[PDB]
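Engineer:
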Amino acid sequence: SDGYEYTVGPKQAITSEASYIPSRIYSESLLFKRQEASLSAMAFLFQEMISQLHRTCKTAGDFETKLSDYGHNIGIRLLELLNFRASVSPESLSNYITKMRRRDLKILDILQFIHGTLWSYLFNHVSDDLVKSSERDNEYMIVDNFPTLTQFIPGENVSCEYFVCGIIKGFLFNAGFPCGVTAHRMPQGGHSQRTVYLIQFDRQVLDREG
Amino acid sequence: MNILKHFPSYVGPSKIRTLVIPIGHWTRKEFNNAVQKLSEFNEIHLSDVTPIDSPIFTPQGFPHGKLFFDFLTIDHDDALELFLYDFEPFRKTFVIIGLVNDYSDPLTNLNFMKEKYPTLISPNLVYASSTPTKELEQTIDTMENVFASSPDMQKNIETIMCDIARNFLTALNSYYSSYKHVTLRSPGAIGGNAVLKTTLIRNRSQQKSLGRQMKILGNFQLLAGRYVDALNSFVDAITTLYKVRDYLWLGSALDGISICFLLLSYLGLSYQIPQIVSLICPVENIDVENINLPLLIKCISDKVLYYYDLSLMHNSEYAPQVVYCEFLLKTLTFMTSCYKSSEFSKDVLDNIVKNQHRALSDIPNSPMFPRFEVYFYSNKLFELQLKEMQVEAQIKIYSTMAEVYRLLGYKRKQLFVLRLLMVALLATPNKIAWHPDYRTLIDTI
Amino acid sequence: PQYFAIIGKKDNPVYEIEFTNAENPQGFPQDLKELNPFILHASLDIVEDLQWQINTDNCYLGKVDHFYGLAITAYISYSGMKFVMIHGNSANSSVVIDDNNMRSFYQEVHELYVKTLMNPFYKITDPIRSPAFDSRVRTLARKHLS
Amino acid sequence: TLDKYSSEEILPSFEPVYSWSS
């Protein structure tokens, strides 16, 4: 039992100790093991999650906030090994890469990153038509013509789709961009299951970028 | 009043240090208010004092000039600074101000005042008493070293501060007249093994004495108020003292001619840079308007630091740690003052000369010194052994570096240096009296 | 000796450890031992200063800060996690950092941190309490540091 | 309190308000 123990403080680790207590989470690699499962299992897990969330919540705002919190953690986890895992240039894979991927620090590099690799990794296809409303000060948005997780939810209301909103919010929040991500339905173009994730940045980010 | 809130200006040697003491029956808050309100008329023009007989220090020979003052209340201990007075005379207090409210006899009060402070040049005191006796009115009127004012210093402060100027200027003239014949030993020669030799943790005689004499003459001219004459003395004092291959005093001469430019710009006078300073310091002769001033002064300060560093291997003609560290702080404060404006306008010059911050202004783009050069320079303070000097000076470095980091927006480094300040303050054999500055310090931490 | 710490966005350490050279198994003698968290706290400000700046790599910053013979190197992950190391001499030297070794060490420790973060029960605020994590970090220090 | 008491004491005459050395 020599794991940090922050109350005591730093411990003296002499540089002659190679005794190794396998953990089953550190030994296993994370390269990109393809284990694609059926969409039905995801849909049933999703709908049971929302069903359990109905009984606990009281109002629409609380429901949306709790769903966004559910997706927030998935964003926390996905940021690191979508930025890091893309650095592999064709045991541990840390000593397979000569140059870490240049971490984004601009207003639109992260949004391009989410448009390109995160959405493709999540739903097996690049997202469509990342745009920004260039009128007020900043209204950046990601639009999907046919969302995957919430395709089975009936009705014209968008409340069950805040899961991916929370994912995006957590992603940008760790990346250094607080947001007010929220979803809207914009049926246009003959699809009519068209959803727009409006993203609104904080004044701090606007001051930092300029 | 504040004790641990030092922030030396680049024009500090031009300031005239004055001690102020609570004569009589004062109280802490009232005396603090009185001295604080008194420290608002330290910008007295030279065109209102009556002329003095001699021509060297005559006010009526330069209509411009400001003749600054520096009101300090803490009496720094002597017997260690005494050695480094021949090196440069802008250390010793030149005047004491007595703020007396007791209706006491001025003659005996002044006599005991000079008895307790015998090494001073000109003592004088102001009666901040509410309507003294008319019999005492004539007694104060007949004597020049005594003045009268209303409570909290608002009756005739302008005339009092006009008269004090001439009052100590004649005494400074007498001091320099008695002082011009001295051989001017280096501070290491005087003090011997008594002053730290700036431990880092990183016709040869008369031609030298003549240059040193001219250097101190110019320094006294700068102190009095004659600026163009001070520069015209420093040109000779620096060229002759650079020919003779002397490094320690040449650093201070180059220092003084660097300070002259600040005040010459402050008055707003056109002046040509001398040839020799351009030779011994690259521009990287010419009117000041056609050459960038702050970068020139940075280069001059770098050359001064170069000469100071080059003057360490000598056994008895070394730069004391005190002068080295205070010059580092001085140029650091100059850097921080420069890093608040898009250009070197009059606002930054007034701010640095008059000791006023107005902190947390809107940051411009592309400042004079970017916010990495300033940090790199400030890091040089740790390069020398801080934990050997007296605590009185030791807290100065930590306090002013805390102020520097606060201005730069480096709050975490401010915490670090303030923690160092508290560690130094705790570790001292001599006990210390309570003061609200410690309260404010702990609150800030 | 070496002093290593992993700090989150709220300026709190989720992991801390100190390494020695095995001929002087005492660490920093008594004073730098007390001063280490404060100097690392000070250097975090410079690390944050370099966090958002253009100009290749930008996750590994190399030598960023200096003190009394102490070299300070910083590495920054994608989630704002700051990896900070303080290198100390063997009681007399001018410490020079090995660029490739420090880079590789930070890369592997970032691998460890990300695969620590992945499990459901971990939270960003909580510290990395695990014997396996400490064991693999210290044998990694043997492998790469010296 | 200590502030409210030391803020109206009578300073000794003929001495500086504060001293550093012993």
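Sequences listed follow chains j, a, k and C, in order. Going left to right, the first sequence walks through residues 19 to 37, 40 to 110, 160 to 279 as the deposited numbering numbers them. Going left to right, the second sequence walks through residues 1 to 202, 265 to 346, 401 to 561 as the deposited numbering numbers them. Going left to right, the third sequence walks through residues 2 to 56, 84 to 174 as the deposited numbering numbers them. The fourth sequence begins at 138 in the deposited numbering and counts up by one. Each residue gets a CB set at the ideal place from its N, CA and C atoms; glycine is no exception.
1) Grab me the residues of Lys238/j's own chain with a C-beta within less than 7 Å of its C-beta, minus the 5 sequence neighbours each way, in chain order.
2) Mapping DSSP to helix, strand and coil, what is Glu19/k?
3) Find the residues of chain k that neighbour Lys201/j, judging by a C-beta separation of less than 8 Å, and give them in chain order.
4) Please list the terminal residues of the continuous beta strand (DSSP E) segment that includes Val92/k.
5) Find the residues of chain k that neighbour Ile41/j, judging by a C-beta separation of less than 7 Å, and give them in chain order.
6) Any beta carbon of chain k sitting closer than 8 Å to that of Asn495/a?
7) Are the C-beta atoms of residue 73/k and some chain j residue less than 8 Å apart?
8) When you compare each of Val108/j, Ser109/j, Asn103/j, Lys201/j to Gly185/j by their alpha carbons, which one comes out closest?
9) Any chance you could list the beta strand (DSSP E) runs of at least 3 consecutive residues sitting entirely within the segment 100–133 of chain a, in chain order?
10) Beta-carbon of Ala57/j versus every beta-carbon of chain k: anything under 8 Å?
11) Indicate the three-state DSSP secondary structure (helix, strand or coil) for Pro410/a in the structure shown.
12) Can you confirm whether the segment 194–202 of chain a touches the segment 423–442 of chain a when touching is taken to mean that 3 or more C-beta pairs between the two stretches lie within less than 8 Å?
13) When the cut-off is 8 Å and only beta carbons count, does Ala194/a lie next to chain C?
14) Does any residue of chain k bring its CB to less than 8 Å from the CB of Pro256/j?
15) With a threshold of 8 Å, are at least 3 pairs of Cβ atoms found where one atom belongs to the segment 466–486 of chain a and the other to the segment 494–510 of chain a?
16) At a Cβ threshold of 8 Å, is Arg522/a touching chain k?
17) Evaluate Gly287/a with the Cβ neighbour count: other Cβ atoms within 10 Å of its Cβ, from every protein chain shown; 16 or more gives buried, anything less gives exposed.
18) When you check each C-beta in the segment 160–179 of chain j against every C-beta of chain k, which residues fall closer than 9 Å?
19) Does the beta carbon of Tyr142/C sit closer than 8 Å to a beta carbon anywhere in chain a?
20) Would you report the Cα separation of residue 207/a and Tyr514/a, rounded to the nearest angstrom?
21) May I ask which residues mark the beginning and end of the beta strand (DSSP E) holding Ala102/k?
22) Does the count of Cβ pairs from the segment 186–199 of chain j and the segment 251–261 of chain j closer than 8 Å reach three?
23) Return no unless some Cβ of chain B is closer than 8 Å to the Cβ of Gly27/j.
24) Mind reading off the beta-carbon distance from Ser161/j to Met169/j? Whole number of angstroms is fine, and I expect it under 8 Å.
25) Quick one: Cα of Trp26/a to Cα of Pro149/C, how far?
26) Which same chain residues end up closer than 8 Å to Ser150/a when comparing Cβ atoms and leaving out the 5 residues on each side of it in sequence?
27) Short of 8 Å in beta carbon distance, which residues of its chain neighbour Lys496/a, apart from the five on each side in sequence? Order them along the chain.
28) Measuring alpha carbon to alpha carbon, tell me which of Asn42/a, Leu279/a, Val404/a, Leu310/a ends up nearest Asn431/a.
29) By the 10 Å Cβ neighbour count, where 16 or more other Cβ atoms means buried, how is residue 564/a classified, buried or exposed?
30) Could you work out which residue in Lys470/a, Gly318/a, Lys529/a, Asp70/a is closest to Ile561/a when comparing CA atoms only?
31) If contacts are defined as beta-carbon pairs under 8 Å, then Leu284/a and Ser14/a qualify, I think. What distance do you get, rounded to the angstrom?
32) Taking the alpha-carbon positions, what's the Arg164/k to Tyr103/k distance?
33) Please list the terminal residues of the continuous beta strand (DSSP E) segment that includes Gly116/k.
Structural biologist: The answer reads as follows:
1) Position 169 of the first sequence, counted from the start, is the residue given in the question as residue 238/j. The residues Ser88, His92, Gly95, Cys248, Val250, in chain order, have a CB closer than 7 Å to that of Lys238/j in the same chain once the five nearest residues on each side in sequence are set aside.
2) By 1-based counting over the third sequence, the position of residue 19/k is 18. In the structure shown, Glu19/k falls within a strand segment according to DSSP collapsed to helix, strand and coil.
3) Numbered from its first residue, the first sequence carries residue 201/j at position 132. Correct list: empty, because the minimum Cβ distance to chain k is about 21 Å.
4) Locating residue 92/k in the third sequence gives position 64, where the first residue counts as 1. Start and end: 88–94.
5) In the first sequence, the residue the question calls residue 41/j occupies position 21. The answer, in chain order, is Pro159, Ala160, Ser163.
6) Taking the first residue of the second sequence as 1, we reach residue 495/a at position 379. So, interface residue.
7) Gap note for chain k: numbering proceeds from 56 to 84 with nothing in between, so residue 73/k has no coordinates.
8) Within the first sequence, numbered from 1, the residue matching residue 185/j stands at position 116. Per the Cα distances, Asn103/j.
9) 122–128
10) The residue given as residue 57/j occupies position 37 in the first sequence. Chain k, which has no Cβ nearer than 8 Å to the Cβ of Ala57/j, makes this no.
11) The sequence position of residue 410/a within the second sequence is 294, counting from 1. Reduced to three states, the DSSP call for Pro410/a is helix.
12) yes
13) Position 194 of the second sequence, counted from the first residue, corresponds to residue 194/a. Output row for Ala194/a: interface = no.
14) One-based indexing of the first sequence puts residue 256/j at position 187. So no, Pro256/j is outside the interface.
15) no
16) Numbered from its first residue, the second sequence carries residue 522/a at position 406. No, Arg522/a lies away from the interface with chain k (no Cβ there is under 8 Å from its Cβ).
17) As a working note, residue 287/a is residue 225 in the second sequence. Classification for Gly287/a: buried.
18) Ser161, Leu162, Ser163, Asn164, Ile166, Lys168, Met169, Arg170, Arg171, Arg172, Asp173, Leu174, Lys175
19) Here residue 142/C corresponds to residue number 5 of the fourth sequence, with the count starting at 1. No, no contact with chain a.
20) Between 202 and 265 in chain a the model has nothing, and residue 207/a is one of the residues in that span.
21) Translated into the one-based positions of the third sequence, residue 102/k becomes position 74. From DSSP, the beta strand (DSSP E) with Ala102/k extends over 98–104.
22) no
23) No chain B is part of this structure, whose protein chains are labelled j, a, k and C.
24) Along the first sequence, one-based indexing puts residue 161/j at 92. Along the first sequence, one-based indexing puts residue 169/j at 100. The Cβ separation is near 15 Å, so there is no contact.
25) For the purposes of this step, residue 26/a is identified with residue 26 of the second sequence, where counting begins at 1. For the purposes of this step, residue 149/C is identified with residue 12 of the fourth sequence, where counting begins at 1. Going by the C-alpha atoms only, they are around 8 Å apart.
26) Your numbering for residue 150/a matches position 150 in the second sequence. If we look at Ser150/a and ignore the five residues flanking it on each side, its Cβ neighbours are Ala128, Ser130.
27) Here residue 496/a is taken as the residue at index 380 of the second sequence, counted from 1. Around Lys496/a: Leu444.
28) In the second sequence, the residue the question calls residue 431/a occupies position 315. The residue from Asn42/a, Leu279/a, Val404/a, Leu310/a with its alpha-carbon nearest to that of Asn431/a is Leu310/a.
29) Only positions 1 to 561 of chain a appear in the structure, and residue 564/a is not among them; the question remains open.
30) Within the second sequence, numbered from 1, the residue matching residue 561/a stands at position 445. The shortest Cα separation from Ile561/a among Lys470/a, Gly318/a, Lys529/a, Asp70/a belongs to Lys529/a.
31) The count along the second sequence starts at 1 and reaches residue 284/a at position 222. The count along the second sequence starts at 1 and reaches residue 14/a at position 14. The C-beta distance from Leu284/a to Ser14/a rounds to 6 Å, short enough to meet the 8 Å contact threshold.
32) Stepping through the third sequence from its first residue, residue 164/k is reached at position 136. Stepping through the third sequence from its first residue, residue 103/k is reached at position 75. Roughly 19 Å between the two C-alpha positions.
33) As a first step, residue 116/k is located in the third sequence; it is residue number 88 there, counting from the start. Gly116/k -> beta strand (DSSP E) spans 110–116.
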